[PDB]
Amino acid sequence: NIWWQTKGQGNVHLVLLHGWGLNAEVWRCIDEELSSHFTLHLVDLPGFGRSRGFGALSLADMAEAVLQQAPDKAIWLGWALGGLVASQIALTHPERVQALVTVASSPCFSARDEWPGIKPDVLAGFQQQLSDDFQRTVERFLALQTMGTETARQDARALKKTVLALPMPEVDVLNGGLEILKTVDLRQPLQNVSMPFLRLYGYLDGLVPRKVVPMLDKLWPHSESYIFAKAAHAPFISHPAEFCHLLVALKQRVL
């Protein structure tokens, strides 16, 4: 089944979806603060964390599984891979989503023509080392997420602790997640999302090149973006107070 936790006092509901390789424990740096303004719903994505019933899934199947015990209505916040899951749900079940928020996430993670992203051979190399030396790889991935920031090392430590908090996911689940990132491309369909759509980014994020932000501003003129100047892939870890401040302001626009 899918692990869900509800907490907090707020009048507006907020689902938090984590990124690849991690679990809902990554949110503990901000969940007390957020829980004072929202009713939080934290999820381990299918196959990850304590959501064990699952193997590799399509984005579509992952999203449907997550939707099963989601709240009736909520703001959906997805970080990185979770951002695709949030986006998928906003698209297919717009009535369940009061607002869509993505963080350090792209509608199309892999590079294409005129489209910045992760180079396919880079991704393939990664998927490979993963099959080979799984840790040294998961652990390098965590450092990759925080590189170049003033708090690089303690933030990597905080991410490592999340990983340590629970047994690691099976390699077929990890693999399946890379397949999603490799292949999914939501650029065109997301032009049609009608609910408020807030996109957050780290200026220093190597996994989602900042260059996509102006391009998405254009492609999704109805969406809004904010860049954290000194953040990489995990801006809520490196800049918790600024991050919570933005979500609180979003709440007021949802009424």
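One rule holds for the numbers: they count along the sequence shown, beginning at 1.
Mean C-alpha B-factor is higher over 160 to 168 than over the other stretch, the pair under comparison being 160 to 168 and 97 to 105. When the two stretches 136 to 144 and 71 to 79 are set side by side, the higher mean Cα temperature factor goes to 136 to 144. The PDB entry gives the largest Cα B-factor of the residues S87, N175, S110, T151 to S110. In the PDB entry, the Cα temperature factor peaks, among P221, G202, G47, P214, at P214.
In the deposited entry, the Cα temperature factor of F38 sits in the bottom third of values across the chain's modelled residues. Residue-level temperature factors show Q252 in the highest third of its chain, judged at the C-alpha atom. Ranked within its chain, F54 lands in the highest third, by CA B factor from the PDB record. Ranked against the other modelled residues of its chain, the C-alpha B-factor of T6 as given in the entry falls in the lowest third. When the CA B factors of the chain's modelled residues are split into thirds, the value for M195 lands in the middle one.
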